[PDB]
Amino acid sequence: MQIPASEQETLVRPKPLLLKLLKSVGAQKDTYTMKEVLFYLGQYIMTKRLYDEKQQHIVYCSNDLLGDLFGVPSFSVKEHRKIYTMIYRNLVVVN
Amino acid sequence: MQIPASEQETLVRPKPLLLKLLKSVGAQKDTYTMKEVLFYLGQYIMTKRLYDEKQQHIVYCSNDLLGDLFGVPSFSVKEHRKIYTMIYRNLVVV
Ligand SMILES: O=C(O)CCC(=O)NCCCCCCOC(=O)c1[nH]c2cc(Cl)ccc2c1-c1c(-c2ccc(F)cc2)ncn1Cc1ccc(Cl)cc1
Ligand SMILES: O=C(O)CCC(=O)NCCCCCCOC(=O)c1[nH]c2cc(Cl)ccc2c1-c1c(-c2ccc(F)cc2)ncn1Cc1ccc(Cl)cc1
């Protein structure tokens, strides 16, 4: 829908901060598709209860490792392109 | 398109180094669309002749401000998503 599936399969190498965050949620590899990165980020957000209890599509990442990476205090999980961009800033795409 | 049309219109604010570079090929503003940033980078690459004479789609940015911004010694200009990624690290989205 919002992101083409070919792009979701884009092979990527998270920078150290992002990678540590993925590892804290059980990620084992140093390379991932963007889909895998997103799944693991969903896991982190949910386990740390970063979503707002009342408005569960709003993630409050301020004062969390995630907000340091994304550089915003909050975001909507409905804006896929913005999220992809914030993630792209924290990785290298692989050849 | 490997880059959707609307991603090209994304409003962005270059960080100081990338903005120095854009200004060096005539950039007047402090915020831009991604399309405009690419254009100015294209002119930078062409004016400094960072493309390979033999393989004109390959850019050798090693040992140049560009390569320091991009974090690679070379890249192909057909790798659009890589390129947008390398640029995005050097700016803030508005
Ligand atoms: O009842 C309703 O009204 C809504 C119920 C509903 O529609 N959906 C339930 C949600 C499915 C969630 C499981 C799969 O989601 C993900 O893996 C996922 N990963 C993310 C990473 C980031 Cl940085 C942000 C959000 C999500 C997220 C998720 C979430 C989510 C929300 C809160 C939370 F704590 C964790 C995940 N909701 C939808 N999604 C899907 C999605 C996938 C990719 C992108 Cl770019 C954006 C969204
Ligand atoms: O058949 C052939 O022989 C090749 C002929 C051909 O198709 N030539 C077309 C060249 C058009 C150049 C005009 C527009 O290009 C750009 O503005 C542009 N900007 C860029 C910035 C970077 Cl970081 C890298 C490449 C370019 C680039 C360019 C270049 C280019 C190549 C070498 C060079 F010295 C300068 C620009 N070629 C095509 N493009 C288009 C383009 C636009 C966006 C993206 Cl993500 C990637 C590519």
Side-chain angles (χ1 to χ4, degrees), chain A residues 2-5 7-8 10 14 18 21-22 25 27 32-34 36-52 55-61 64-67 69-72 74-91 93, chain B residues 2-5 7-8 10 14 18 21-22 25 32-34 36-52 55-61 64-67 69-72 74-81 83-88 90-91:
Chain A
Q2 296 188 49
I3 310 294
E7 183 169 353
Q8 297 181 49
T10 310
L18 173 53
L21 183 169
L22 298 167
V25 107
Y32 297 91
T33 62
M34 280 294 285
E36 303 177 309
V37 167
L38 275 112
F39 158 83
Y40 284 116
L41 285 169
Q43 251 192 101
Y44 178 88
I45 292 176
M46 214 202 314
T47 69
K48 288 189 98 196
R49 284 165 152 280
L50 302 176
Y51 65 96
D52 181 11
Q55 296 290 280
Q56 294 182 345
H57 71 288
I58 303 298
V59 174
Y60 287 93
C61 48
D64 181 89
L65 300 133
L66 186 56
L69 301 201
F70 280 10
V72 297
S74 84
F75 65 91
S76 172
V77 305
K78 301 193 180 155
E79 311 237 36
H80 292 206
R81 182 46 65 194
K82 286 179 206 187
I83 288 176
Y84 264 64
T85 303
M86 288 183 304
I87 297 168
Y88 283 135
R89 295 172 74 255
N90 289 280
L91 77 224
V93 7
Chain B
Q2 184 180 150
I3 309 293
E7 183 166 2
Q8 293 183 45
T10 304
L18 167 63
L21 146 6
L22 307 183
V25 293
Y32 299 94
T33 55
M34 284 291 289
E36 293 169 315
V37 168
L38 278 164
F39 177 78
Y40 280 115
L41 283 167
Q43 279 187 291
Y44 182 89
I45 291 168
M46 202 180 305
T47 306
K48 290 210 140 196
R49 291 148 141 140
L50 300 186
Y51 61 89
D52 191 351
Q55 285 286 82
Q56 298 194 329
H57 70 274
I58 306 297
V59 176
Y60 290 94
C61 49
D64 183 83
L65 170 54
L66 185 54
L69 303 187
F70 276 18
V72 298
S74 83
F75 61 93
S76 158
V77 299
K78 304 182 203 162
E79 326 181 82
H80 297 189
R81 176 52 67 195
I83 287 167
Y84 262 60
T85 303
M86 296 184 298
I87 292 179
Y88 270 139
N90 286 278
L91 88 228

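Remember, it's 1-based here, ligands and their atoms both numbered in the order they're listed. All chains are named by letter (A, B, ...) in the order of the sequence lines, taking the proteins before the strands, and each is independently numbered beginning at 1. When reading the values below, keep in mind they use all heavy atoms of this one structure, side chains included, and skip hydrogens, waters and symmetry mates.
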What I want to find out is whether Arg81(A) reaches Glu7(A) closely enough, with some N-O distance under 4.0 Å, to be called a salt bridge.
yes
The test is side-chain hydrogen bond (donor to acceptor under 3.5 Å, both in side chains); show your working for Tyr44(B) and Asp64(B) and say whether it passes.
CA-CA 11 Å; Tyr44(B) 182 89; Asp64(B) 183 83; 2.4 Å; yes
Going by the atom numbers of ligand 2, which of them fall below 4.0 Å from some non-hydrogen atom of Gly42(B)?
18 (C), 19 (N), 20 (C), 21 (C), 35 (C)
Shortest non-hydrogen contact from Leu66(A) toward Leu50(A):
CD2-CD1, 4.0 Å
Within a radius of less than 6.0 Å around NZ of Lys82(A), do more than 12 heavy atoms belonging to other residues, nucleotides or ligands occur?
no
Quick one: look at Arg49(B) and ligand 2, take heavy-atom pairs under 4.0 Å, and tell me if it's side chain, backbone, both or neither.
neither
If hydrogens are left out, which of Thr47(A), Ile58(A), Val37(A), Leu38(A) has an atom nearest to atom 16 (C) of ligand 1, that is, the closest non-hydrogen atom?
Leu38(A)
Could you tell me which atoms of ligand 1, counted from 1 in the order shown, lie closer than 4.0 angstrom to a heavy atom of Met46(A)?
34 (F)
Suppose I only count heavy atoms of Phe39(A) and a 4.0 Å limit; which atoms of ligand 1 are within that range?
17 (O)
Ligand 1 atoms in contact with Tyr84(A) (distance to a heavy atom under 4.0 Å):
45 (Cl)
A student checking ligand 2 against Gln56(B) at a 4.0 Å heavy-atom cut-off should list atoms 32 (C)
Ligand-side contact atoms (ligand 2) for residue partner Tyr51(B), heavy atom cut-off under 4.0 Å
34 (F)
Can any side-chain N or O of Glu36(B) pair as donor or acceptor with the backbone N or O of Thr33(B) at less than 3.5 Å?
yes
With respect to atom 37 (N) of ligand 2, which of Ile3(B), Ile87(B), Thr85(B), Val77(B) exhibits the smallest heavy-atom separation?
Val77(B)
Measure from the ring center of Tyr88(A) to the ring center of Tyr84(B) and say whether it is less than 6.0 Å.
no
Can you list the atoms of ligand 2 that are under 4.0 Å from a heavy atom of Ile83(B)?
23 (Cl), 45 (Cl), 46 (C)
Give me the atom names and distance for the closest heavy-atom approach of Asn90(A) to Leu69(A).
ND2-O, 3.0 Å
